[PDB]
């Protein structure tokens, strides 16, 4: 370490776009139209996503059915794993049941009853699992307070036999315009997490959160991603359709010496 990364694993890009918070996805789900879902699956895959996040959004429909449908629909057209994005454990498990390959669970909080439910499920289905550094008492402001919750996630994951390489800790980034002070604490938390065990737990962020409902988001997203990667970030749920963002990531990845430099590294990175 500290800033010299222990490993050289490719940065993991999790395409954010198949998420019922978006109208087109919400309506495709309403009309059970698989076309918009498959279009976004293909697009994200073509941009180099390693996982596709899958989030039902708000719905009065049975989320179990919706999640199932999304997963099957996506995996019908691309050979990519899903990052199953829900607080509903039955929605998650339904997705895991029809999922081809190793999925990612998104996510468990540091709440004990959440951990007790989600960890055995990741173990059972051999899925990676995201653990958010938060509980019912809320999201901690301080890096140190986030880190405690991180420690608690590590302990529980390990207690379920889940390897650290399968555990992705999310310190929860918040919009810089209304929660500016969090952004730097998150960086420091990422650094701390990378110290917690050997091998270390991985780290992940909902990157776009940092600019949500801010003006001129693309600059802010790509700046923060570079900062986070520097701090040790292993993965991000992010807009893989943003070419400038992915260029930024590929450049940081080279500058961290995790992939051998060549003149065509911007392309190389997207294939990896």
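Numbering follows the first chain given and starts at 1.
As listed in the deposited structure, the average C-alpha B-factor of 28 to 36 and of 204 to 212 is greater for 28 to 36.
The PDB entry records a higher mean C-alpha B factor for 62 to 70 than for its counterpart among 230 to 238 and 62 to 70. Of the candidates 144, 108, 180, 133, the deposited coordinates give 144 the top C-alpha B factor.
Between the residues 84, 176, 196, 187, the entry's highest C-alpha temperature factor is the one at 196. Ranked by Cα temperature factor within the chain, residue 46 sits in the highest third according to the deposited record.
Ranked by C-alpha B-factor against the other modelled residues of its chain, residue 11 falls in the lowest third. Annotation for residue 90: CA B-factor lies in the middle third of the chain's modelled residues.
Among the modelled residues of the chain, residue 260 sits in the highest third by CA temperature factor in this PDB entry. When the modelled residues of the chain are ordered by C-alpha B-factor, residue 152 sits in the middle third.
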